[PDB]
2 protein chains.
Amino acid sequence: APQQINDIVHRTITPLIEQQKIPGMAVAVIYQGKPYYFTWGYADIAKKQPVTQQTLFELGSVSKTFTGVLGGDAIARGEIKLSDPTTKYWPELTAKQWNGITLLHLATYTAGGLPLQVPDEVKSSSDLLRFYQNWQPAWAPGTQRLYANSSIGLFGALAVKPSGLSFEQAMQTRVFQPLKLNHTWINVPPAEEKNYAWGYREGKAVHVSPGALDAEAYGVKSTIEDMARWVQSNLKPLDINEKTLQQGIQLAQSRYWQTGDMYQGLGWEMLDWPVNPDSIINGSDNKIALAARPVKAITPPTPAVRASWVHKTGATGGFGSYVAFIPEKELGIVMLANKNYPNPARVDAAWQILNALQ
Amino acid sequence: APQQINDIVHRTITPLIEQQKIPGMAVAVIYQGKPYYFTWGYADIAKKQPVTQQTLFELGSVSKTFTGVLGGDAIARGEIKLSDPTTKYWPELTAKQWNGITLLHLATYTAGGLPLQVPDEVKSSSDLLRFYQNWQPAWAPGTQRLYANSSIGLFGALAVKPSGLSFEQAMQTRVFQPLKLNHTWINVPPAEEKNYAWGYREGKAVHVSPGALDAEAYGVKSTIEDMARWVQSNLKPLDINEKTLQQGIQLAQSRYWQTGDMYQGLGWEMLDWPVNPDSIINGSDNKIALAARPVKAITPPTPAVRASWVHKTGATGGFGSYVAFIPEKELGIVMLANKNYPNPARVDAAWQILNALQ
Ligand SMILES: *[B]([O])([O])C1=[C]C([N]S(=O)(=O)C2=[C]C(S(=O)(=O)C3=[C][C]=[C][C]=[C]3)=[C]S2)=C(C([O])=O)[C]=[C]1
Ligand SMILES: *[B]([O])([O])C1=[C]C([N]S(=O)(=O)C2=[C]C(S(=O)(=O)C3=[C][C]=[C][C]=[C]3)=[C]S2)=C(C([O])=O)[C]=[C]1
């Protein structure tokens with residue numbers, strides 16, 4: 001634990017925790033490829049359980065990065081193609097608005113306005129079918145980006161159909177296990193409930209509620225150690241043995257669309273490095289990250305760029321997460337909290353830390 | 001070499017040499033990853049110099065597969081992007097018709113009708129510039145594929161621009177050398193002239209003549225063992241130590257475009273395996289291969305497919321070549337002759353051999 005890293009992390013995080021009134025937090029800095037952990041506060045306030053390197057946190061939409069890589073792995077396996085029509089994998093989706101909507105569009109939120117949330121009324125496979133059949137796009141495919149669980153969520157469910165495996169079974173078998181993420185779950189096992197931190201919203205202990213496509217859009221829970229390992233994997237996919245998984249990670253970091261100084265990947269979002277702090281800090285604010293924005297197509301997509309600031313924010317009703325890394329510097333960071341707080345604060349703290357380490 | 005291979009090669013190639021009256025020939029069959037060589041006739045009729053594993057043949061447009069991989073390597077290095085306008089690498093190309101024409105278009109013959117040949121009168125950099133500034137499109141970019149030295153030739157020249165290296169130096173240091181192709185040259189040095197075979201056209205001995213963008217479009221000369229090595233590298237790039245070259249080879253085999261049952265890559269052309277022999281055999285006829293055909297964009301490109309028949313025909317006034325391989329079966333073949341005989345005959349022979357072997 002070099003003092004250099006120790007000081008910047010504590011000087012940055014300590015004030016953050018107090019200002020935002022965060023109950024518990026865990027941080028990992030990947031420096032020169034090695035991980036360094038830090039923890040604060042409580043996982044369970046009621047029974048004074050502290051946050052440890054084994055505490056499980058709800059990742060919220062950071063889960064989308066796993067979904068993007070799983071999809072990319074299915075592509076490398078030749079099971080699917082981003083160029084394939086959404087109907088090729090779900091024939092019963094006969095409504096005319098689907099005609100030219102591809103898996104690429106679903107994966108990158110550019111299908112034409114799929115909604116941020118899948119209605120709570122949707123549950124059955126049938127209910128899900130009606131939802132997408134009755135949906136009316138606002139724009140043509142590939143013209144505008146609208147962040148949505150309905151898009152990437154569907155991408156995830158369809159990308160695994162050729163496998164014959166459940167989305168969960170495919171994730172654990174093709175991503176979790178190969179990478180040694182032995183404490184990363186879509187469904188928390190009874191044996192791990194003791195490590196499952198509680199989330200806090202308005203002082204109440206809460207856990208994410210079940211919902212259609214939850215696993216594919218915001219259902220993963222992990223530890224700071226597994227997330228650090230997840231970061232190292234995305235930092236240097238070349239060190240991964242499973243050929244298709246190595247390839248899947250590279251595809252998830254490719255640049256498919258551009259809006260402003262931001263590039264959309266599969267789950268991951270990227271910006272050229274050196275990046276402008278204000279661009280990423282102010283860009284993370286929901287009011288901006290959730291808005292409808294026209295996109296320019298990158299034809300063909302740009303293969304993962306080493307000199308990039310790769311990241312993803314994530315939240316549930318009671319948790320707030322953030323992951324960011326720079327492949328070219330072999331530097332990265334993970335911040336997990338059992339309190340949902342402003343994205344700008346997360347990104348500012350991460351920037352302050354990584355910029356200080358180079 | 002196993003009698004299975006010796007048997008099918010001897011019964012297929014020897015009759016071919018007799019029928020086409022080929023002076024000299026070299027064939028290499030890659031079986032289960034290992035190469036086996038066969039040679040016939042003379043490299044130099046007068047002086048009766050035999051064809052050996054050290055004989056250099058002019059590859060013709062098979063050179064385009066090298067240009068494609070060098071281009072792919074430059075992409076992997078982050079020096080260029082296929083999405084970028086052609087004018088970004090050639091600020092001098094200001095004519096309005098070039099707006100919208102990207103490196104991708106140049107590399108895949110989809111620019112809009114760039115001519116098959118660069119006029120013989122065009123020599124200087126000055127001649128080249130006004131030639132391109134004066135070119136007028138037959139179609140809009142990205143709509144029709146017209147095989148041409150003018151397109152891929154310019155792609156090659158611009159692709160190495162960022163490196164500051166010459167095309168020959170870039171190719172030598174980034175492709176030939178890392179793959180141990182120690183007897184492959186763009187410009188044959190004095191010490192290798194005794195191994196440089198003569199081509200034959202109407203009985204007269206001939207060598208390819210100099211021309212604008214020749215190096216980038218049809219200027220490579222190689223031996224049968226170097227080419228077998230080239231096939232092995234393209235068969236399984238995961239065995240290549242140089243990261244960017246490994247990726248560059250995989251990029252050259254990606255499917256950017258589709259016309260009929262064939263897909264256009266960077267230099268390489270591919271078809272799904274199993275393939276209809278009649279398709280590739282008749283499709284090889286220049287009456288077809290040199291004709292414009294509408295293309296369907298593959299958005300985004302499909303990463304190199306293992307179950308593919310990958311190939312490329314090549315010829316000069318005195319030479320005829322052919323290379324083809326099937327990644328999924330670690331099977332491939334190289335055919336070099338110092339006589340330019342019909343493409344369909346080359347492809348039929350090659351299909352007879354590989355189909356008998358797998
Ligand atoms: B992702 O973290 O960007 C994300 C995830 C979800 N699904 S969820 O069930 O995890 C919930 C998140 C919230 S929230 O208040 O953090 C939020 C964040 C952004 C936009 C709206 C609400 C409450 S439940 C959603 C979702 O369900 O809308 C959105 C984004
Ligand atoms: B490529 O082999 O498909 C190719 C190469 C060239 N350049 S070249 O200077 O090597 C010449 C080739 C010929 S040719 O008669 O073998 C031929 C082959 C295929 C199509 C047309 C002509 C004569 S010079 C060219 C070119 O036009 O210079 C075309 C294709």
Side-chain angles (χ1 to χ4, degrees), chain A residues 58-65 67 109 115-120 147-153 199 201 206-221 267 269 284-286 288-291 312-323 339-343 346, chain B residues 58-65 67 109 115-120 122 147-153 199 201 206-221 267 269 284-291 312-323 339-343 346:
Chain A
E58 298 176 348
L59 300 177
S61 307
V62 163
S63 300
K64 291 174 174 61
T65 65
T67 295
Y109 325 112
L116 170 57
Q117 304 118 319
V118 172
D120 251 73
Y147 184 70
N149 294 334
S150 300
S151 300
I152 193 167
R201 182 181 63 228
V206 298
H207 278 157
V208 66
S209 300
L213 297 177
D214 53 8
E216 302 88 335
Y218 56 83
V220 187
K221 301 79 183 184
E269 298 171 16
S284 300
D285 193 304
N286 280 314
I288 293 180
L290 297 52
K312 185 74 183 76
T313 57
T316 63
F319 295 79
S321 300
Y322 187 59
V323 176
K339 218 261 185 180
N340 184 1
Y341 62 109
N343 284 322
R346 313 181 196 181
Chain B
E58 305 180 339
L59 298 180
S61 306
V62 167
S63 300
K64 291 178 176 62
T65 62
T67 301
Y109 325 116
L116 170 62
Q117 340 178 309
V118 177
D120 296 287
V122 175
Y147 184 80
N149 287 341
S150 299
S151 300
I152 192 168
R201 185 193 190 190
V206 296
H207 274 162
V208 59
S209 300
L213 298 178
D214 49 15
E216 303 81 346
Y218 57 81
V220 184
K221 271 70 77 179
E269 295 172 19
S284 300
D285 190 293
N286 284 324
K287 175 168 58 288
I288 299 296
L290 304 186
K312 189 70 187 68
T313 55
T316 54
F319 296 77
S321 300
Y322 188 54
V323 168
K339 159 68 97 66
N340 181 10
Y341 60 113
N343 291 324
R346 321 177 188 177

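In what follows, every chain begins at residue 1, and chains take the letters A, B, ... in the order their sequences are listed. Just follow the structure's listing: the first ligand is 1, and inside any ligand the first atom is 1. Values reported hereafter were calculated over all heavy atoms of this structure, with side chains retained and with hydrogens, waters and symmetry mates removed.
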Please write down residue, atom name and distance for the protein heavy atom closest to [atom].
{"atom": "atom 7 (N) of ligand 2", "result": "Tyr218(B) CD2, 3.1 Å"}
{"atom": "atom 19 (C) of ligand 2", "result": "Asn286(B) ND2, 3.8 Å"}
{"atom": "atom 11 (C) of ligand 2", "result": "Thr316(B) CA, 4.4 Å"}
{"atom": "atom 24 (S) of ligand 2", "result": "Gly317(B) N, 4.9 Å"}

Is there at least one protein heavy-atom neighbour under 4.0 Å from [atom]?
{"atom": "atom 26 (C) of ligand 2", "answer": "yes"}
{"atom": "atom 17 (C) of ligand 2", "answer": "no"}
{"atom": "atom 22 (C) of ligand 2", "answer": "no"}

Taking only non-hydrogen atoms of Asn149(A) and a 4.0 Å limit, the atoms of ligand 1 in range are 6 (C), 7 (N), 25 (C), 26 (C), 27 (O), 29 (C)

Min side-chain heavy-atom separation [X]-[Y] under 4.5 Å:
{"X": "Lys312(A)", "Y": "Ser61(A)", "value": "yes"}
{"X": "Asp214(A)", "Y": "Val208(A)", "value": "no"}
{"X": "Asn343(A)", "Y": "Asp285(A)", "value": "no"}

Checking the N or O distance criterion of under 3.5 Å, is ligand 1 in contact with [X]?
{"X": "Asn340(A)", "result": "yes"}
{"X": "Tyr147(A)", "result": "yes"}
{"X": "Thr313(A)", "result": "no"}

Interfacing atoms of ligand 2 (cut-off 4.0 Å, heavy-atom, [X]):
{"X": "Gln117(B)", "result": "26 (C), 27 (O)"}
{"X": "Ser61(B)", "result": "1 (B), 2 (O), 3 (O), 4 (C), 5 (C), 30 (C)"}
{"X": "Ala315(B)", "result": "2 (O), 5 (C), 10 (O), 12 (C), 16 (O)"}

The side-chain contact (heavy atoms from CB on, under 4.5 Å) partner of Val220(A) among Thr65(A), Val62(A), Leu59(A) is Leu59(A)

Ring geometry between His207(A) and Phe319(A) (parallel below 30°, tilted from 30 to 60°, perpendicular above 60°) | parallel

Under 4.0 Å between heavy atoms, the region of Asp214(B) that gets near ligand 2 turns out to be neither

Rounded to the nearest 0.5 Å, what's the gap from [atom1] on [X] to [atom2] on [Y]? Could you check?
{"X": "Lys339(B)", "Y": "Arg201(B)", "atom1": "NZ", "atom2": "CZ", "value": "11.5 Å"}
{"X": "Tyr147(B)", "Y": "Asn286(B)", "atom1": "OH", "atom2": "CG", "value": "8.5 Å"}
{"X": "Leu116(B)", "Y": "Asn149(B)", "atom1": "CG", "atom2": "CG", "value": "6.0 Å"}
{"X": "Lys221(A)", "Y": "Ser63(A)", "atom1": "NZ", "atom2": "OG", "value": "7.5 Å"}

| query | Between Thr316(B) and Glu58(B), is any side-chain donor less than 3.5 angstrom from a side-chain acceptor? | reply | yes

Any heavy atom of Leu290(A) under 4.0 Å from ligand 1? The part involved is side chain

Item checked: ligand 2 contact by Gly314(B), heavy-atom criterion under 4.0 angstrom -> yes

>> For the backbone of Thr313(B) and the side chain of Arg346(B), can you confirm whether one donor and one acceptor N or O come within less than 3.5 Å of each other?
In response: no

